[PDB]
>>> print(open('data_21.tsv').read())   # TSV, N, CA, C and O atoms
chain	number	residue	atom	x	y	z
H	160	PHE	N	8.08	6.47	-78.47
H	160	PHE	CA	9.07	5.52	-77.99
H	160	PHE	C	9.35	4.45	-79.05
H	160	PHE	O	10.32	4.55	-79.80
H	161	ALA	N	8.49	3.43	-79.10
H	161	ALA	CA	8.62	2.34	-80.06
H	161	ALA	C	7.27	2.12	-80.74
H	161	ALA	O	6.60	1.10	-80.53
H	162	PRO	N	6.83	3.08	-81.55
H	162	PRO	CA	5.54	2.95	-82.23
H	162	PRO	C	5.57	1.86	-83.29
H	162	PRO	O	6.62	1.48	-83.82
H	163	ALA	N	4.38	1.34	-83.60
H	163	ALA	CA	4.24	0.35	-84.67
H	163	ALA	C	2.80	0.42	-85.18
H	163	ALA	O	1.89	-0.10	-84.53
H	164	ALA	N	2.62	1.05	-86.34
H	164	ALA	CA	1.34	1.05	-87.03
H	164	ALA	C	1.32	-0.13	-88.00
H	164	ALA	O	2.13	-0.18	-88.93
H	165	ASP	N	0.42	-1.07	-87.77
H	165	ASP	CA	0.41	-2.34	-88.48
H	165	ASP	C	-1.02	-2.69	-88.87
H	165	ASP	O	-1.98	-2.19	-88.26
H	166	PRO	N	-1.20	-3.52	-89.89
H	166	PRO	CA	-2.50	-4.14	-90.13
H	166	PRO	C	-2.66	-5.42	-89.31
H	166	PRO	O	-1.69	-5.98	-88.79
H	167	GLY	N	-3.91	-5.87	-89.20
H	167	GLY	CA	-4.21	-7.08	-88.47
H	167	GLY	C	-5.31	-7.90	-89.10
H	167	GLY	O	-5.79	-8.87	-88.50
H	168	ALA	N	-5.73	-7.52	-90.31
H	168	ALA	CA	-6.80	-8.21	-91.02
H	168	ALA	C	-6.37	-8.77	-92.36
H	168	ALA	O	-7.14	-9.53	-92.97
H	169	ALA	N	-5.18	-8.43	-92.85
H	169	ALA	CA	-4.69	-9.00	-94.10
H	169	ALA	C	-4.37	-10.48	-93.91
H	169	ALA	O	-4.37	-11.02	-92.80
H	170	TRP	N	-4.09	-11.15	-95.03
H	170	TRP	CA	-3.77	-12.57	-94.98
H	170	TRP	C	-2.53	-12.85	-94.15
H	170	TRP	O	-2.35	-13.99	-93.69
H	171	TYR	N	-1.67	-11.86	-93.94
H	171	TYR	CA	-0.48	-12.01	-93.12
H	171	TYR	C	-0.32	-10.80	-92.21
H	171	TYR	O	-0.71	-9.69	-92.56
H	172	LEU	N	0.27	-11.04	-91.04
H	172	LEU	CA	0.48	-10.02	-90.02
H	172	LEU	C	1.97	-9.74	-89.88
H	172	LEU	O	2.82	-10.35	-90.54
H	173	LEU	N	2.30	-8.80	-89.00
H	173	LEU	CA	3.69	-8.42	-88.77
H	173	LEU	C	4.31	-9.29	-87.69
H	173	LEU	O	3.63	-9.93	-86.89
H	174	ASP	N	5.64	-9.31	-87.67
H	174	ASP	CA	6.42	-9.91	-86.59
H	174	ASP	C	5.88	-11.30	-86.22
H	174	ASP	O	5.52	-11.58	-85.08
H	175	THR	N	5.84	-12.17	-87.23
H	175	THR	CA	5.30	-13.51	-87.03
H	175	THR	C	6.18	-14.31	-86.07
H	175	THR	O	7.40	-14.13	-86.00
H	176	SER	N	5.54	-15.21	-85.33
H	176	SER	CA	6.21	-16.12	-84.42
H	176	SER	C	6.44	-17.47	-85.10
H	176	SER	O	5.79	-17.81	-86.09
H	177	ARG	N	7.38	-18.23	-84.54
H	177	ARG	CA	7.74	-19.55	-85.07
H	177	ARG	C	7.78	-20.53	-83.90
H	177	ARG	O	8.80	-20.67	-83.23
H	178	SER	N	6.65	-21.21	-83.66
H	178	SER	CA	6.54	-22.16	-82.55
H	178	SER	C	7.10	-23.51	-82.99
H	178	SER	O	6.39	-24.51	-83.13
H	179	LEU	N	8.41	-23.53	-83.21
H	179	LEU	CA	9.08	-24.78	-83.59
H	179	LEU	C	9.04	-25.79	-82.46
H	179	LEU	O	8.65	-26.95	-82.65
H	180	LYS	N	9.44	-25.37	-81.26
H	180	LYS	CA	9.53	-26.25	-80.10
H	180	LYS	C	8.61	-25.75	-79.01
H	180	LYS	O	8.80	-24.62	-78.52
H	181	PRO	N	7.61	-26.52	-78.58
H	181	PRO	CA	6.77	-26.07	-77.46
H	181	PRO	C	7.56	-26.09	-76.15
H	181	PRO	O	8.68	-26.59	-76.08
H	182	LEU	N	6.94	-25.54	-75.11
H	182	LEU	CA	7.58	-25.51	-73.81
H	182	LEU	C	7.86	-26.93	-73.33
H	182	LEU	O	6.93	-27.73	-73.14
H	183	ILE	N	9.14	-27.26	-73.18
H	183	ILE	CA	9.59	-28.58	-72.76
H	183	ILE	C	10.33	-28.42	-71.44
H	183	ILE	O	11.27	-27.63	-71.35
H	184	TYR	N	9.91	-29.17	-70.43
H	184	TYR	CA	10.47	-29.07	-69.09
H	184	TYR	C	11.58	-30.10	-68.94
H	184	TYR	O	11.33	-31.31	-68.95
H	185	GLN	N	12.82	-29.63	-68.79
H	185	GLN	CA	13.98	-30.48	-68.59
H	185	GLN	C	14.49	-30.29	-67.17
H	185	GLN	O	14.74	-29.16	-66.74
H	186	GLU	N	14.65	-31.40	-66.45
H	186	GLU	CA	15.07	-31.39	-65.06
H	186	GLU	C	16.33	-32.23	-64.89
H	186	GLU	O	16.45	-33.31	-65.49
H	187	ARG	N	17.26	-31.74	-64.08
H	187	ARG	CA	18.51	-32.43	-63.77
H	187	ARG	C	18.65	-32.46	-62.25
H	187	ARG	O	19.29	-31.60	-61.65
H	188	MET	N	18.04	-33.47	-61.63
H	188	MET	CA	18.05	-33.60	-60.17
H	188	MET	C	18.59	-34.95	-59.72
H	188	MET	O	18.55	-35.25	-58.52
H	189	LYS	N	19.09	-35.77	-60.64
H	189	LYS	CA	19.60	-37.08	-60.27
H	189	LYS	C	20.96	-36.95	-59.59
H	189	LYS	O	21.76	-36.08	-59.96
H	190	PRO	N	21.26	-37.81	-58.61
H	190	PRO	CA	22.58	-37.73	-57.97
H	190	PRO	C	23.69	-38.11	-58.93
H	190	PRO	O	23.43	-38.43	-60.09
H	191	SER	N	24.94	-38.06	-58.47
H	191	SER	CA	26.09	-38.42	-59.29
H	191	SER	C	26.28	-37.45	-60.45
H	191	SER	O	26.98	-37.76	-61.42
H	192	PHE	N	25.67	-36.27	-60.37
H	192	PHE	CA	25.78	-35.25	-61.39
H	192	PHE	C	27.07	-34.46	-61.20
H	192	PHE	O	27.83	-34.69	-60.26
H	193	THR	N	27.34	-33.52	-62.11
H	193	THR	CA	28.52	-32.67	-61.96
H	193	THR	C	28.27	-31.55	-60.96
H	193	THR	O	29.06	-31.34	-60.03
H	194	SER	N	27.16	-30.82	-61.12
H	194	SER	CA	26.86	-29.71	-60.23
H	194	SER	C	26.40	-30.17	-58.86
H	194	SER	O	26.54	-29.42	-57.89
H	195	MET	N	25.87	-31.39	-58.75
H	195	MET	CA	25.47	-31.92	-57.45
H	195	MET	C	26.59	-32.67	-56.75
H	195	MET	O	26.52	-32.85	-55.53
H	196	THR	N	27.62	-33.10	-57.49
H	196	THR	CA	28.76	-33.77	-56.87
H	196	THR	C	29.87	-32.77	-56.55
H	196	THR	O	30.23	-32.59	-55.38
H	197	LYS	N	30.42	-32.11	-57.57
H	197	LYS	CA	31.53	-31.19	-57.34
H	197	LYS	C	31.11	-30.06	-56.41
H	197	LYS	O	31.86	-29.69	-55.50
H	198	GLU	N	29.93	-29.49	-56.63
H	198	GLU	CA	29.38	-28.46	-55.76
H	198	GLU	C	28.40	-29.10	-54.78
H	198	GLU	O	28.18	-30.31	-54.79
H	199	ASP	N	27.80	-28.28	-53.92
H	199	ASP	CA	26.97	-28.77	-52.83
H	199	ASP	C	25.54	-29.00	-53.32
H	199	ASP	O	24.62	-28.22	-53.08
H	200	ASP	N	25.36	-30.12	-54.03
H	200	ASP	CA	24.04	-30.60	-54.42
H	200	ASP	C	23.25	-29.54	-55.18
H	200	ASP	O	22.02	-29.50	-55.10
H	201	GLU	N	23.94	-28.68	-55.92
H	201	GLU	CA	23.28	-27.58	-56.63
H	201	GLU	C	22.38	-28.15	-57.72
H	201	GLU	O	22.87	-28.68	-58.73
H	202	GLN	N	21.07	-28.03	-57.54
H	202	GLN	CA	20.11	-28.47	-58.54
H	202	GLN	C	19.97	-27.42	-59.64
H	202	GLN	O	20.35	-26.26	-59.48
H	203	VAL	N	19.40	-27.85	-60.77
H	203	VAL	CA	19.12	-26.97	-61.89
H	203	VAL	C	17.86	-27.47	-62.59
H	203	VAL	O	17.58	-28.67	-62.61
V	52	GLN	N	42.38	-48.33	-46.16
V	52	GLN	CA	40.95	-48.12	-45.95
V	52	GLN	C	40.62	-46.67	-46.27
V	52	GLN	O	41.50	-45.88	-46.66
V	53	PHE	N	39.35	-46.32	-46.11
V	53	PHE	CA	38.79	-45.01	-46.42
V	53	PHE	C	39.02	-44.04	-45.26
V	53	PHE	O	38.93	-44.43	-44.10
V	54	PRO	N	39.33	-42.76	-45.53
V	54	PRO	CA	39.62	-41.83	-44.43
V	54	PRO	C	38.37	-41.22	-43.81
V	54	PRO	O	37.24	-41.58	-44.18
V	55	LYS	N	38.56	-40.28	-42.89
V	55	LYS	CA	37.44	-39.70	-42.15
V	55	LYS	C	36.50	-38.96	-43.09
V	55	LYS	O	36.86	-38.56	-44.20
V	56	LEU	N	35.27	-38.77	-42.61
V	56	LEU	CA	34.31	-37.92	-43.31
V	56	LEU	C	34.77	-36.47	-43.22
V	56	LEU	O	34.99	-35.95	-42.12
V	57	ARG	N	34.92	-35.82	-44.36
V	57	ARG	CA	35.37	-34.43	-44.41
V	57	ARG	C	34.19	-33.51	-44.07
V	57	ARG	O	33.14	-33.95	-43.59
V	58	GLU	N	34.37	-32.21	-44.31
V	58	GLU	CA	33.43	-31.19	-43.85
V	58	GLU	C	32.97	-30.30	-45.01
V	58	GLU	O	32.56	-29.16	-44.79
V	59	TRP	N	33.02	-30.81	-46.24
V	59	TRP	CA	32.66	-29.99	-47.40
V	59	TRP	C	32.15	-30.89	-48.51
V	59	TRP	O	32.92	-31.66	-49.09
V	60	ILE	N	30.85	-30.78	-48.82
V	60	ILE	CA	30.32	-31.38	-50.04
V	60	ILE	C	30.45	-30.41	-51.20
V	60	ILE	O	30.56	-30.82	-52.35
V	61	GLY	N	30.40	-29.11	-50.92
V	61	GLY	CA	30.83	-28.14	-51.91
V	61	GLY	C	32.31	-28.29	-52.17
V	61	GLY	O	33.11	-28.46	-51.26
V	62	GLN	N	32.68	-28.22	-53.45
V	62	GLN	CA	34.05	-28.47	-53.90
V	62	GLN	C	34.63	-29.70	-53.20
V	62	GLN	O	35.63	-29.63	-52.48
V	63	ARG	N	33.98	-30.84	-53.43
V	63	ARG	CA	34.46	-32.09	-52.87
V	63	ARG	C	35.90	-32.34	-53.28
V	63	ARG	O	36.33	-31.96	-54.38
V	64	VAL	N	36.66	-32.98	-52.40
V	64	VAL	CA	38.05	-33.32	-52.65
V	64	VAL	C	38.14	-34.83	-52.84
V	64	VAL	O	37.70	-35.60	-51.98
V	65	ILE	N	38.69	-35.25	-53.98
V	65	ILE	CA	38.88	-36.66	-54.27
V	65	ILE	C	40.06	-37.16	-53.46
V	65	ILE	O	40.83	-36.36	-52.92
V	66	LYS	N	40.20	-38.48	-53.34
V	66	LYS	CA	41.33	-39.09	-52.67
V	66	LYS	C	41.64	-40.41	-53.37
V	66	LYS	O	40.95	-40.82	-54.31
V	67	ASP	N	42.70	-41.08	-52.90
V	67	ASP	CA	43.14	-42.33	-53.50
V	67	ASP	C	43.44	-43.34	-52.40
V	67	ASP	O	43.81	-42.97	-51.28
V	68	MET	N	43.30	-44.62	-52.74
V	68	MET	CA	43.66	-45.70	-51.84
V	68	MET	C	45.15	-46.00	-51.98
V	68	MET	O	45.72	-45.88	-53.07
V	69	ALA	N	45.77	-46.40	-50.87
V	69	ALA	CA	47.19	-46.71	-50.84
V	69	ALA	C	47.36	-48.22	-50.92
V	69	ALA	O	46.85	-48.95	-50.06
V	70	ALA	N	48.09	-48.68	-51.93
V	70	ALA	CA	48.36	-50.10	-52.12
V	70	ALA	C	49.63	-50.46	-51.37
V	70	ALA	O	50.72	-49.97	-51.71
V	71	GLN	N	49.50	-51.30	-50.35
V	71	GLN	CA	50.62	-51.71	-49.51
V	71	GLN	C	51.03	-53.14	-49.85
V	71	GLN	O	50.21	-53.96	-50.26
V	72	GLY	N	52.31	-53.43	-49.68
V	72	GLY	CA	52.84	-54.74	-49.99
V	72	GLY	C	53.94	-55.12	-49.02
V	72	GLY	O	54.64	-54.26	-48.48
V	73	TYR	N	54.09	-56.43	-48.82
V	73	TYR	CA	55.13	-56.97	-47.94
V	73	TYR	C	55.76	-58.17	-48.62
V	73	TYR	O	55.06	-59.12	-48.97
V	74	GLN	N	57.08	-58.12	-48.80
V	74	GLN	CA	57.82	-59.17	-49.49
V	74	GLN	C	58.75	-59.88	-48.52
V	74	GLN	O	59.42	-59.23	-47.71
V	75	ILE	N	58.78	-61.21	-48.60
V	75	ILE	CA	59.61	-62.03	-47.73
V	75	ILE	C	60.06	-63.26	-48.50
V	75	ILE	O	59.31	-63.81	-49.32
V	76	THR	N	61.29	-63.70	-48.24
V	76	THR	CA	61.88	-64.85	-48.90
V	76	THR	C	61.86	-66.04	-47.95
V	76	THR	O	62.22	-65.91	-46.77
V	77	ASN	N	61.44	-67.20	-48.46
V	77	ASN	CA	61.31	-68.41	-47.64
V	77	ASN	C	62.54	-69.30	-47.82
V	77	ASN	O	62.49	-70.38	-48.40
V	78	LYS	N	63.66	-68.82	-47.29
V	78	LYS	CA	64.90	-69.60	-47.37
V	78	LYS	C	64.79	-70.86	-46.52
V	78	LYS	O	64.06	-70.91	-45.52
V	79	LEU	N	65.53	-71.88	-46.92
V	79	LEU	CA	65.45	-73.19	-46.29
V	79	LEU	C	66.19	-73.20	-44.96
V	79	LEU	O	66.94	-72.29	-44.61
V	80	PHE	N	65.96	-74.27	-44.19
V	80	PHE	CA	66.68	-74.54	-42.96
V	80	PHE	C	67.00	-76.02	-42.90
V	80	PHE	O	66.20	-76.86	-43.33
V	81	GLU	N	68.18	-76.35	-42.38
V	81	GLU	CA	68.65	-77.73	-42.40
V	81	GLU	C	69.61	-77.97	-41.24
V	81	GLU	O	70.16	-77.03	-40.66
V	82	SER	N	69.78	-79.24	-40.92
V	82	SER	CA	70.78	-79.69	-39.96
V	82	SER	C	70.89	-81.20	-40.07
V	82	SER	O	69.88	-81.89	-40.19
V	83	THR	N	72.12	-81.71	-40.04
V	83	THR	CA	72.35	-83.13	-40.25
V	83	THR	C	73.66	-83.53	-39.59
V	83	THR	O	74.49	-82.68	-39.25
V	84	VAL	N	73.82	-84.84	-39.40
V	84	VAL	CA	75.01	-85.40	-38.78
V	84	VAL	C	75.48	-86.60	-39.59
V	84	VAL	O	74.72	-87.21	-40.35
V	85	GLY	N	76.75	-86.94	-39.41
V	85	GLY	CA	77.36	-88.08	-40.07
V	85	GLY	C	77.53	-89.25	-39.11
V	85	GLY	O	77.80	-89.07	-37.93
V	86	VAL	N	77.37	-90.46	-39.65
V	86	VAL	CA	77.51	-91.68	-38.87
V	86	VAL	C	78.11	-92.76	-39.77
V	86	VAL	O	78.07	-92.66	-41.00
V	87	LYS	N	78.65	-93.80	-39.14
V	87	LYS	CA	79.24	-94.92	-39.86
V	87	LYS	C	78.19	-95.98	-40.17
V	87	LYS	O	77.22	-96.16	-39.42
V	88	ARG	N	78.39	-96.68	-41.28
V	88	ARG	CA	77.43	-97.71	-41.69
V	88	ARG	C	77.55	-98.95	-40.81
V	88	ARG	O	76.54	-99.56	-40.46
V	89	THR	N	78.78	-99.34	-40.46
V	89	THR	CA	78.96	-100.53	-39.64
V	89	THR	C	78.48	-100.31	-38.21
V	89	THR	O	77.91	-101.22	-37.59
V	90	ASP	N	78.70	-99.11	-37.67
V	90	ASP	CA	78.40	-98.86	-36.27
V	90	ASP	C	76.91	-99.00	-35.98
V	90	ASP	O	76.52	-99.55	-34.94
V	91	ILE	N	76.05	-98.52	-36.88
V	91	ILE	CA	74.62	-98.65	-36.66
V	91	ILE	C	74.22	-100.12	-36.62
V	91	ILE	O	73.38	-100.53	-35.81
V	92	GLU	N	74.82	-100.94	-37.48
V	92	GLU	CA	74.59	-102.38	-37.42
V	92	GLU	C	75.34	-103.01	-36.26
V	92	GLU	O	74.87	-104.00	-35.68
V	93	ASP	N	76.50	-102.46	-35.90
V	93	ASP	CA	77.27	-102.94	-34.75
V	93	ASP	C	76.85	-102.22	-33.47
V	93	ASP	O	77.68	-101.65	-32.75
V	94	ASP	N	75.55	-102.24	-33.19
V	94	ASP	CA	75.01	-101.60	-31.99
V	94	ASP	C	73.74	-102.36	-31.62
V	94	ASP	O	72.68	-102.14	-32.22
V	95	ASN	N	73.85	-103.26	-30.64
V	95	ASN	CA	72.75	-104.12	-30.24
V	95	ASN	C	71.88	-103.52	-29.14
V	95	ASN	O	70.89	-104.14	-28.75
V	96	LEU	N	72.23	-102.34	-28.63
V	96	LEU	CA	71.54	-101.76	-27.49
V	96	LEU	C	70.44	-100.78	-27.89
V	96	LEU	O	69.78	-100.23	-27.00
V	97	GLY	N	70.22	-100.56	-29.18
V	97	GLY	CA	69.14	-99.73	-29.65
V	97	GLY	C	69.48	-98.26	-29.81
V	97	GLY	O	68.74	-97.54	-30.49
V	98	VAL	N	70.57	-97.79	-29.21
V	98	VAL	CA	71.04	-96.43	-29.42
V	98	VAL	C	71.74	-96.38	-30.77
V	98	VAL	O	72.00	-97.42	-31.38
V	99	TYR	N	72.04	-95.17	-31.24
V	99	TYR	CA	72.76	-95.01	-32.50
V	99	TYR	C	71.96	-95.65	-33.65
V	99	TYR	O	72.35	-96.66	-34.24
V	100	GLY	N	70.83	-95.01	-33.94
V	100	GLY	CA	69.78	-95.62	-34.72
V	100	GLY	C	68.39	-95.12	-34.35
V	100	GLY	O	67.45	-95.25	-35.13
V	101	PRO	N	68.24	-94.53	-33.16
V	101	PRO	CA	67.12	-93.60	-32.94
V	101	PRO	C	67.33	-92.24	-33.58
V	101	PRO	O	66.56	-91.31	-33.29
V	102	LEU	N	68.36	-92.13	-34.42
V	102	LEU	CA	68.69	-90.87	-35.07
V	102	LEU	C	67.53	-90.37	-35.93
V	102	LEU	O	67.25	-89.17	-35.96
>>> encode(input="data_21.tsv", output="structure tokens")
Amino acid sequence: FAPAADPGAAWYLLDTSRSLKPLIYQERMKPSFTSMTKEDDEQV
Amino acid sequence: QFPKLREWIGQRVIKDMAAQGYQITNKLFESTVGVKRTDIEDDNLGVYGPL
């Protein structure tokens, strides 16, 4: 299917990740909003 | 003033206030009579001078 033979002990590995921004929780629940005013209090 | 409570917060409908005005002119009113200068002095009975 999707094989991948790779090393894991060299100084560098495959398919490196880039954790630039950690998980940040953004909430929009304040009244007078666009989605909560124009629509029926639709939170996001 | 503000109208009735509608039945939809979904897709709310905006409205506007109506500015009403009433204009009127305050024209004057008058009425007067003419009399003689001698007659008021030539009247010892007190009438013609309660004007």
>>> interface_residues(input="data_21.tsv", of="chain V", to="chain H", cutoff="7 Å", atoms="all atoms listed in the file", output="JSON, numbers by chain")
{"V": [59, 60, 61, 62, 63, 64]}
>>> atom_distance(input="data_21.tsv", atom1="atom C of residue 181 of chain H", atom2="atom N of residue 203 of chain H")
19.5 Å
>>> select_by_dssp(input="data_21.tsv", residues="chain H", states="alpha helix (DSSP H)", output="PyMOL selection string")
chain H and resi 193-196
>>> atom_distance(input="data_21.tsv", atom1="atom CA of residue 87 of chain V", atom2="atom CA of residue 100 of chain V")
10.8 Å
>>> atom_distance(input="data_21.tsv", atom1="atom CA of residue 54 of chain V", atom2="atom CA of residue 68 of chain V")
9.3 Å
>>> decode(input="data_21.tsv", residues="segment 164-197 of chain H", atoms="N, CA and C atoms", output="PDB file, in the first residue's frame")
ATOM      1  N   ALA H 164      10.473   2.146   4.114  1.00  0.00           N
ATOM      2  CA  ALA H 164      11.657   1.632   4.791  1.00  0.00           C
ATOM      3  C   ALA H 164      12.572   2.807   5.112  1.00  0.00           C
ATOM      4  N   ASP H 165      12.795   3.053   6.395  1.00  0.00           N
ATOM      5  CA  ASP H 165      13.480   4.249   6.854  1.00  0.00           C
ATOM      6  C   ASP H 165      14.465   3.877   7.951  1.00  0.00           C
ATOM      7  N   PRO H 166      15.493   4.692   8.168  1.00  0.00           N
ATOM      8  CA  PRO H 166      16.294   4.573   9.388  1.00  0.00           C
ATOM      9  C   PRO H 166      15.669   5.362  10.534  1.00  0.00           C
ATOM     10  N   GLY H 167      16.131   5.054  11.743  1.00  0.00           N
ATOM     11  CA  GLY H 167      15.645   5.732  12.929  1.00  0.00           C
ATOM     12  C   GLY H 167      16.723   5.968  13.967  1.00  0.00           C
ATOM     13  N   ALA H 168      17.979   5.704  13.602  1.00  0.00           N
ATOM     14  CA  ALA H 168      19.105   5.873  14.508  1.00  0.00           C
ATOM     15  C   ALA H 168      20.150   6.857  14.005  1.00  0.00           C
ATOM     16  N   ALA H 169      20.058   7.308  12.757  1.00  0.00           N
ATOM     17  CA  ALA H 169      20.987   8.302  12.252  1.00  0.00           C
ATOM     18  C   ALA H 169      20.734   9.651  12.924  1.00  0.00           C
ATOM     19  N   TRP H 170      21.644  10.596  12.675  1.00  0.00           N
ATOM     20  CA  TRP H 170      21.508  11.922  13.266  1.00  0.00           C
ATOM     21  C   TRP H 170      20.226  12.618  12.832  1.00  0.00           C
ATOM     22  N   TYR H 171      19.633  12.202  11.717  1.00  0.00           N
ATOM     23  CA  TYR H 171      18.382  12.771  11.241  1.00  0.00           C
ATOM     24  C   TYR H 171      17.450  11.659  10.780  1.00  0.00           C
ATOM     25  N   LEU H 172      16.151  11.901  10.926  1.00  0.00           N
ATOM     26  CA  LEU H 172      15.106  10.952  10.577  1.00  0.00           C
ATOM     27  C   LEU H 172      14.319  11.468   9.375  1.00  0.00           C
ATOM     28  N   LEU H 173      13.353  10.669   8.932  1.00  0.00           N
ATOM     29  CA  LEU H 173      12.529  11.034   7.792  1.00  0.00           C
ATOM     30  C   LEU H 173      11.313  11.842   8.233  1.00  0.00           C
ATOM     31  N   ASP H 174      10.721  12.549   7.274  1.00  0.00           N
ATOM     32  CA  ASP H 174       9.430  13.209   7.455  1.00  0.00           C
ATOM     33  C   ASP H 174       9.386  13.989   8.770  1.00  0.00           C
ATOM     34  N   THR H 175      10.337  14.906   8.918  1.00  0.00           N
ATOM     35  CA  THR H 175      10.437  15.682  10.145  1.00  0.00           C
ATOM     36  C   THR H 175       9.222  16.589  10.321  1.00  0.00           C
ATOM     37  N   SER H 176       8.869  16.828  11.579  1.00  0.00           N
ATOM     38  CA  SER H 176       7.789  17.730  11.944  1.00  0.00           C
ATOM     39  C   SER H 176       8.346  19.107  12.286  1.00  0.00           C
ATOM     40  N   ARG H 177       7.468  20.108  12.242  1.00  0.00           N
ATOM     41  CA  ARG H 177       7.826  21.500  12.523  1.00  0.00           C
ATOM     42  C   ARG H 177       6.791  22.063  13.493  1.00  0.00           C
ATOM     43  N   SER H 178       7.090  21.983  14.790  1.00  0.00           N
ATOM     44  CA  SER H 178       6.179  22.460  15.830  1.00  0.00           C
ATOM     45  C   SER H 178       6.375  23.964  16.025  1.00  0.00           C
ATOM     46  N   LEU H 179       6.001  24.718  14.989  1.00  0.00           N
ATOM     47  CA  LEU H 179       6.100  26.172  15.063  1.00  0.00           C
ATOM     48  C   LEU H 179       5.129  26.734  16.093  1.00  0.00           C
ATOM     49  N   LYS H 180       3.862  26.337  16.011  1.00  0.00           N
ATOM     50  CA  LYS H 180       2.811  26.855  16.880  1.00  0.00           C
ATOM     51  C   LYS H 180       2.211  25.710  17.684  1.00  0.00           C
ATOM     52  N   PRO H 181       2.289  25.725  19.014  1.00  0.00           N
ATOM     53  CA  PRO H 181       1.627  24.676  19.798  1.00  0.00           C
ATOM     54  C   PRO H 181       0.115  24.815  19.724  1.00  0.00           C
ATOM     55  N   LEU H 182      -0.572  23.807  20.250  1.00  0.00           N
ATOM     56  CA  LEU H 182      -2.029  23.829  20.257  1.00  0.00           C
ATOM     57  C   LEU H 182      -2.524  25.039  21.040  1.00  0.00           C
ATOM     58  N   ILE H 183      -3.208  25.944  20.345  1.00  0.00           N
ATOM     59  CA  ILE H 183      -3.738  27.172  20.924  1.00  0.00           C
ATOM     60  C   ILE H 183      -5.252  27.143  20.783  1.00  0.00           C
ATOM     61  N   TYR H 184      -5.951  27.316  21.901  1.00  0.00           N
ATOM     62  CA  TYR H 184      -7.408  27.229  21.934  1.00  0.00           C
ATOM     63  C   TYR H 184      -7.991  28.627  21.762  1.00  0.00           C
ATOM     64  N   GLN H 185      -8.677  28.847  20.644  1.00  0.00           N
ATOM     65  CA  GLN H 185      -9.331  30.115  20.351  1.00  0.00           C
ATOM     66  C   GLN H 185     -10.838  29.919  20.404  1.00  0.00           C
ATOM     67  N   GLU H 186     -11.515  30.752  21.190  1.00  0.00           N
ATOM     68  CA  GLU H 186     -12.953  30.656  21.393  1.00  0.00           C
ATOM     69  C   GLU H 186     -13.617  31.972  21.015  1.00  0.00           C
ATOM     70  N   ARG H 187     -14.775  31.874  20.362  1.00  0.00           N
ATOM     71  CA  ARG H 187     -15.571  33.031  19.949  1.00  0.00           C
ATOM     72  C   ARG H 187     -16.996  32.792  20.440  1.00  0.00           C
ATOM     73  N   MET H 188     -17.259  33.166  21.692  1.00  0.00           N
ATOM     74  CA  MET H 188     -18.565  32.958  22.307  1.00  0.00           C
ATOM     75  C   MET H 188     -19.162  34.251  22.846  1.00  0.00           C
ATOM     76  N   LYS H 189     -18.525  35.391  22.596  1.00  0.00           N
ATOM     77  CA  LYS H 189     -19.028  36.654  23.105  1.00  0.00           C
ATOM     78  C   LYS H 189     -20.236  37.107  22.288  1.00  0.00           C
ATOM     79  N   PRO H 190     -21.222  37.753  22.923  1.00  0.00           N
ATOM     80  CA  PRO H 190     -22.378  38.235  22.154  1.00  0.00           C
ATOM     81  C   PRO H 190     -21.980  39.342  21.194  1.00  0.00           C
ATOM     82  N   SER H 191     -22.940  39.856  20.429  1.00  0.00           N
ATOM     83  CA  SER H 191     -22.688  40.931  19.475  1.00  0.00           C
ATOM     84  C   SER H 191     -21.760  40.490  18.348  1.00  0.00           C
ATOM     85  N   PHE H 192     -21.612  39.183  18.163  1.00  0.00           N
ATOM     86  CA  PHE H 192     -20.772  38.625  17.116  1.00  0.00           C
ATOM     87  C   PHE H 192     -21.534  38.613  15.792  1.00  0.00           C
ATOM     88  N   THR H 193     -20.866  38.177  14.722  1.00  0.00           N
ATOM     89  CA  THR H 193     -21.543  38.066  13.434  1.00  0.00           C
ATOM     90  C   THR H 193     -22.371  36.788  13.355  1.00  0.00           C
ATOM     91  N   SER H 194     -21.770  35.645  13.697  1.00  0.00           N
ATOM     92  CA  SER H 194     -22.479  34.375  13.620  1.00  0.00           C
ATOM     93  C   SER H 194     -23.500  34.216  14.734  1.00  0.00           C
ATOM     94  N   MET H 195     -23.323  34.910  15.858  1.00  0.00           N
ATOM     95  CA  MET H 195     -24.300  34.853  16.935  1.00  0.00           C
ATOM     96  C   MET H 195     -25.391  35.904  16.802  1.00  0.00           C
ATOM     97  N   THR H 196     -25.162  36.961  16.024  1.00  0.00           N
ATOM     98  CA  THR H 196     -26.191  37.969  15.793  1.00  0.00           C
ATOM     99  C   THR H 196     -26.998  37.660  14.535  1.00  0.00           C
ATOM    100  N   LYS H 197     -26.335  37.623  13.375  1.00  0.00           N
ATOM    101  CA  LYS H 197     -27.061  37.400  12.129  1.00  0.00           C
ATOM    102  C   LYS H 197     -27.755  36.045  12.138  1.00  0.00           C
TER     103      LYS H 197
END
